[PDB]
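Next comes entry.cif, a file with mmCIF, C-alpha atoms.
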```cif
data_query
loop_
_atom_site.group_PDB
_atom_site.id
_atom_site.type_symbol
_atom_site.label_atom_id
_atom_site.label_comp_id
_atom_site.auth_asym_id
_atom_site.auth_seq_id
_atom_site.Cartn_x
_atom_site.Cartn_y
_atom_site.Cartn_z
ATOM 1 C CA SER Y 1 36.036 177.510 312.471
ATOM 2 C CA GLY Y 2 33.896 180.446 311.105
ATOM 3 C CA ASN Y 3 34.648 182.681 308.063
ATOM 4 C CA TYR Y 4 31.306 184.608 308.521
ATOM 5 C CA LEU Y 5 32.508 188.270 308.116
ATOM 6 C CA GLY Y 6 35.908 186.654 309.153
ATOM 7 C CA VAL Y 7 34.904 187.817 312.743
ATOM 8 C CA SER Y 8 36.513 191.203 311.630
ATOM 9 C CA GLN Y 9 36.049 193.732 308.728
ATOM 10 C CA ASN Y 10 39.566 192.778 307.388
ATOM 11 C CA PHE Y 11 37.961 189.512 305.960
ATOM 12 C CA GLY Y 12 37.910 190.881 302.313
ATOM 13 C CA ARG Y 13 41.339 189.106 301.754
ATOM 14 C CA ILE Y 14 40.477 185.965 303.846
ATOM 15 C CA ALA Y 15 38.965 183.226 301.620
ATOM 16 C CA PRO Y 16 36.792 180.343 303.104
ATOM 17 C CA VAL Y 17 39.814 178.439 304.657
ATOM 18 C CA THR Y 18 37.222 176.207 306.486
ATOM 19 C CA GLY Y 19 36.136 172.571 305.849
ATOM 20 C CA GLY Y 20 38.162 169.320 305.395
ATOM 21 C CA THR Y 21 37.279 166.969 308.319
ATOM 22 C CA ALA Y 22 34.700 164.566 306.756
ATOM 23 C CA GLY Y 23 33.862 162.722 310.035
ATOM 24 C CA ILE Y 24 35.149 159.094 310.379
ATOM 25 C CA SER Y 25 35.522 158.986 306.493
ATOM 26 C CA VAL Y 26 38.453 161.358 305.536
ATOM 27 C CA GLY Y 27 38.161 161.311 301.677
ATOM 28 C CA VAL Y 28 36.973 157.609 301.762
ATOM 29 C CA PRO Y 29 33.227 157.271 300.814
ATOM 30 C CA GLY Y 30 33.315 153.935 298.787
ATOM 31 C CA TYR Y 31 29.685 152.835 299.572
ATOM 32 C CA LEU Y 32 28.333 156.280 298.448
ATOM 33 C CA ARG Y 33 31.041 158.057 296.292
ATOM 34 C CA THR Y 34 28.415 160.656 295.123
ATOM 35 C CA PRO Y 35 29.964 162.791 292.253
ATOM 36 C CA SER Y 36 29.606 166.009 294.400
ATOM 37 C CA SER Y 37 30.257 166.652 298.164
ATOM 38 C CA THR Y 38 26.518 167.409 298.836
ATOM 39 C CA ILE Y 39 24.923 164.217 300.410
ATOM 40 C CA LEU Y 40 22.502 163.417 297.487
ATOM 41 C CA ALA Y 41 23.915 165.734 294.773
ATOM 42 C CA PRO Y 42 21.886 163.707 292.093
ATOM 43 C CA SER Y 43 18.777 165.157 293.958
ATOM 44 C CA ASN Y 44 16.101 163.183 292.041
ATOM 45 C CA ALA Y 45 17.976 164.266 288.837
ATOM 46 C CA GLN Y 46 20.977 162.140 287.563
ATOM 47 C CA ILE Y 47 19.686 159.037 289.477
ATOM 48 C CA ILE Y 48 16.309 159.554 287.647
ATOM 49 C CA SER Y 49 18.177 159.870 284.253
ATOM 50 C CA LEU Y 50 18.142 156.016 284.481
ATOM 51 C CA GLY Y 51 14.388 156.561 283.772
ATOM 52 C CA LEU Y 52 14.306 159.945 281.864
ATOM 53 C CA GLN Y 53 16.785 158.697 279.171
ATOM 54 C CA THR Y 54 14.408 155.757 278.276
ATOM 55 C CA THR Y 55 11.163 157.729 279.012
ATOM 56 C CA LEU Y 56 12.287 160.415 276.477
ATOM 57 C CA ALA Y 57 14.176 158.002 274.092
ATOM 58 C CA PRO Y 58 11.029 157.330 271.898
ATOM 59 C CA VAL Y 59 10.008 161.047 272.301
ATOM 60 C CA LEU Y 60 13.444 162.308 271.009
ATOM 61 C CA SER Y 61 14.086 159.449 268.449
ATOM 62 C CA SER Y 62 10.897 160.349 266.420
ATOM 63 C CA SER Y 63 8.129 158.338 268.237
ATOM 64 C CA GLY Y 64 7.926 154.720 269.612
ATOM 65 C CA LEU Y 65 8.485 153.013 266.194
ATOM 66 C CA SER Y 66 10.084 149.506 265.622
ATOM 67 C CA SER Y 67 13.659 150.906 266.133
ATOM 68 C CA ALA Y 68 13.207 153.637 268.812
ATOM 69 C CA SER Y 69 11.504 151.200 271.307
ATOM 70 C CA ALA Y 70 14.575 148.902 271.051
ATOM 71 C CA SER Y 71 16.934 151.971 271.148
ATOM 72 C CA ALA Y 72 15.318 153.123 274.456
ATOM 73 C CA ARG Y 73 16.035 149.782 276.274
ATOM 74 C CA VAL Y 74 19.469 149.327 274.567
ATOM 75 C CA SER Y 75 20.336 152.919 275.689
ATOM 76 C CA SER Y 76 19.481 152.016 279.346
ATOM 77 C CA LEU Y 77 21.672 148.865 278.999
ATOM 78 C CA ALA Y 78 24.523 151.016 277.527
ATOM 79 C CA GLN Y 79 24.113 153.550 280.423
ATOM 80 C CA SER Y 80 24.099 150.538 282.852
ATOM 81 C CA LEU Y 81 27.781 149.954 281.915
ATOM 82 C CA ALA Y 82 28.594 153.730 281.658
ATOM 83 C CA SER Y 83 27.165 154.215 285.230
ATOM 84 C CA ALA Y 84 29.440 151.331 286.387
ATOM 85 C CA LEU Y 85 32.494 153.216 284.964
ATOM 86 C CA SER Y 86 31.293 156.120 287.256
ATOM 87 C CA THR Y 87 30.274 155.990 291.025
ATOM 88 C CA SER Y 88 27.948 152.907 290.646
ATOM 89 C CA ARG Y 89 28.588 149.276 289.416
ATOM 90 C CA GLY Y 90 25.629 149.048 286.956
ATOM 91 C CA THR Y 91 23.156 148.461 289.857
ATOM 92 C CA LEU Y 92 20.651 150.469 292.003
ATOM 93 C CA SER Y 93 18.399 148.228 294.193
ATOM 94 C CA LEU Y 94 16.931 144.650 294.253
ATOM 95 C CA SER Y 95 13.149 145.306 294.910
ATOM 96 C CA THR Y 96 12.857 149.084 294.110
ATOM 97 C CA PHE Y 97 14.562 148.459 290.706
ATOM 98 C CA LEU Y 98 11.668 146.038 289.813
ATOM 99 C CA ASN Y 99 9.224 148.977 290.182
ATOM 100 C CA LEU Y 100 11.474 150.791 287.625
ATOM 101 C CA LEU Y 101 11.586 147.799 285.171
ATOM 102 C CA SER Y 102 7.748 147.382 285.415
ATOM 103 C CA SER Y 103 7.475 151.057 284.223
ATOM 104 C CA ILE Y 104 10.370 150.752 281.659
ATOM 105 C CA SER Y 105 8.341 148.042 279.810
ATOM 106 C CA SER Y 106 5.035 150.028 280.071
ATOM 107 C CA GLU Y 107 6.400 153.377 278.691
ATOM 108 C CA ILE Y 108 7.968 151.844 275.479
ATOM 109 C CA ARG Y 109 4.850 149.510 275.510
ATOM 110 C CA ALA Y 110 6.751 146.428 274.165
ATOM 111 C CA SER Y 111 7.540 143.734 276.822
ATOM 112 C CA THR Y 112 4.075 144.475 278.339
ATOM 113 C CA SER Y 113 0.300 144.195 277.296
ATOM 114 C CA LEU Y 114 0.642 144.252 273.400
ATOM 115 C CA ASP Y 115 3.573 141.765 273.830
ATOM 116 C CA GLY Y 116 2.684 138.582 271.824
ATOM 117 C CA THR Y 117 4.561 138.244 268.436
ATOM 118 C CA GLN Y 118 7.237 141.013 268.189
ATOM 119 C CA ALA Y 119 8.051 140.035 271.818
ATOM 120 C CA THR Y 120 9.177 136.510 270.692
ATOM 121 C CA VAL Y 121 11.880 138.225 268.543
ATOM 122 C CA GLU Y 122 12.655 140.788 271.318
ATOM 123 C CA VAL Y 123 13.658 137.908 273.713
ATOM 124 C CA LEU Y 124 16.640 137.265 271.354
ATOM 125 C CA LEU Y 125 17.293 141.013 270.717
ATOM 126 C CA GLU Y 126 17.512 141.622 274.528
ATOM 127 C CA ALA Y 127 19.383 138.342 275.205
ATOM 128 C CA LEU Y 128 21.877 139.880 272.711
ATOM 129 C CA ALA Y 129 21.525 143.323 274.459
ATOM 130 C CA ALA Y 130 22.437 141.672 277.844
ATOM 131 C CA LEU Y 131 25.611 140.271 276.108
ATOM 132 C CA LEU Y 132 26.300 143.559 274.180
ATOM 133 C CA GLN Y 133 26.143 145.601 277.451
ATOM 134 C CA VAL Y 134 29.033 143.439 278.836
ATOM 135 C CA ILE Y 135 30.944 143.413 275.464
ATOM 136 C CA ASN Y 136 30.835 147.266 275.887
ATOM 137 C CA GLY Y 137 33.368 146.995 278.856
ATOM 138 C CA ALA Y 138 32.696 143.902 281.163
ATOM 139 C CA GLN Y 139 33.420 144.918 284.830
ATOM 140 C CA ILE Y 140 33.342 141.095 285.685
ATOM 141 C CA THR Y 141 29.952 141.186 287.639
ATOM 142 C CA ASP Y 142 28.080 143.869 285.661
ATOM 143 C CA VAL Y 143 24.931 142.169 284.170
ATOM 144 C CA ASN Y 144 21.988 142.558 286.593
ATOM 145 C CA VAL Y 145 18.843 140.469 285.630
ATOM 146 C CA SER Y 146 16.965 140.831 289.006
ATOM 147 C CA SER Y 147 14.835 137.713 289.966
ATOM 148 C CA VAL Y 148 12.195 137.783 287.052
ATOM 149 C CA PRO Y 149 10.577 141.315 286.683
ATOM 150 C CA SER Y 150 13.640 142.805 284.858
ATOM 151 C CA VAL Y 151 11.915 143.800 281.550
ATOM 152 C CA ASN Y 152 12.973 140.228 280.482
ATOM 153 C CA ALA Y 153 10.545 137.631 281.977
ATOM 154 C CA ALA Y 154 7.820 139.657 280.186
ATOM 155 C CA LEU Y 155 9.310 138.672 276.741
ATOM 156 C CA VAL Y 156 8.784 134.958 277.653
ATOM 157 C CA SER Y 157 5.332 135.645 279.289
ATOM 158 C CA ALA Y 158 4.386 137.346 275.961
ATOM 159 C CA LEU Y 159 4.785 134.075 273.934
ATOM 160 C CA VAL Y 160 4.023 131.632 276.858
ATOM 161 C CA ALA Y 161 1.242 133.601 278.663
#
```
Turn the structure described in the file into structure tokens.
Amino acid sequence: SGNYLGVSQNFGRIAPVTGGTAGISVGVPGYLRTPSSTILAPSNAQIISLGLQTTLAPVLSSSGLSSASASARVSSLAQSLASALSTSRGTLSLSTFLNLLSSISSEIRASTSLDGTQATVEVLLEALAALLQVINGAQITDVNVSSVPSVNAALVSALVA
């Protein structure tokens, strides 16, 4: 129905008693349980915090030093589980996520271009981070590694170029 001027000037005591029928999906989203009733409520915001958190991690943790660059990627792995405890299951996409991981290596600079000696150690630090991110709460199937370009094949291609 329509609460616009309540169709009569008496509407000042008639709240918006309209809305409830959600099409063929009466309170049952499942595939897209968005945390607000507004189609894409994370309107290139919260869904981009899966980038912005690690883009700004070295910027907020006092530059891209030999602790902050690990902290940035470890923080994304910690949010991977925390996002699974929310609407998601620690996943996003299968080919579009690779375009993210190719940038996530570039912005903290390790696991791309300069990758050659520190990157040999980082393969064990992120093999541990992939086990730590499940030790954090283990939702049974919650450890995405894509098909190679997952900020992880770069740590081997650093030492075995």
Report the centre and edge lengths, in Å to one decimal, of an axis-aligned box enclosing every atom of region 137-145 of chain Y listed in the file, padded by 8 Å on each side, as AutoDock Vina command-line options.
```
--center_x 26.1 --center_y 143.7 --center_z 283.2 --size_x 30.6 --size_y 22.5 --size_z 24.8
```
Show me, as a VMD selection string, the residues that have an atom within 12 Å of residue 119 (chain Y) when counting only C-alpha atoms, minus same-chain residues fewer than 3 positions from it.
chain Y and resid 66 69 to 70 105 109 to 116 122 to 127 151 to 161
Exercise for the section: Given the file shown, enumerate the residues that the PyMOL selection byres ((chain Y and resi 131) around 12) captures and present them as a ChimeraX atom specification. Expected result: /Y:74,77-78,81,124-130,132-138,142-145
Evaluate the PyMOL selection byres ((chain Y and resi 14-23) around 12) and report residues as a PyMOL selection string
chain Y and resi 1-13+24-29+37-39
Report as an mmCIF file with C-alpha atoms, in the frame of the given file the residues that result from applying the PyMOL selection byres ((chain Y and resi 90-101) around 6) to the structure here.
```
data_model
loop_
_atom_site.group_PDB
_atom_site.id
_atom_site.type_symbol
_atom_site.label_atom_id
_atom_site.label_comp_id
_atom_site.auth_asym_id
_atom_site.auth_seq_id
_atom_site.Cartn_x
_atom_site.Cartn_y
_atom_site.Cartn_z
ATOM 1 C CA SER Y 80 24.099 150.538 282.852
ATOM 2 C CA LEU Y 81 27.781 149.954 281.915
ATOM 3 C CA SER Y 83 27.165 154.215 285.230
ATOM 4 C CA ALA Y 84 29.440 151.331 286.387
ATOM 5 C CA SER Y 88 27.948 152.907 290.646
ATOM 6 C CA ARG Y 89 28.588 149.276 289.416
ATOM 7 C CA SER Y 102 7.748 147.382 285.415
ATOM 8 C CA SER Y 103 7.475 151.057 284.223
ATOM 9 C CA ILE Y 104 10.370 150.752 281.659
ATOM 10 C CA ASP Y 142 28.080 143.869 285.661
ATOM 11 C CA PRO Y 149 10.577 141.315 286.683
ATOM 12 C CA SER Y 150 13.640 142.805 284.858
ATOM 13 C CA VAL Y 151 11.915 143.800 281.550
#
```
Exercise for the section: Between Y:55, Y:43, Y:36, Y:87, single out the one closest to residue 72 (chain Y), counting only C-alpha atoms. Expected result: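 Ranking Y:55, Y:43, Y:36, Y:87 by distance to residue 72 (chain Y), first place goes to Y:55.
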In Å and to one decimal, CA of residue 59 (chain Y) is distant from CA of residue 76 (chain Y) by 14.9 Å
Here CA of residue 54 (chain Y) and CA of residue 40 (chain Y) stand apart by 22.2 Å
- prompt: So what do you get for CA of residue 58 (chain Y) versus CA of residue 107 (chain Y), distance-wise?
  reply: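 Answer for the CA of residue 58 (chain Y) to CA of residue 107 (chain Y) separation: 9.1 Å.
Across Y:82, Y:32, Y:108, Y:140, the tightest approach to residue 67 (chain Y) is made by Y:108 when counting all atoms listed in the file.
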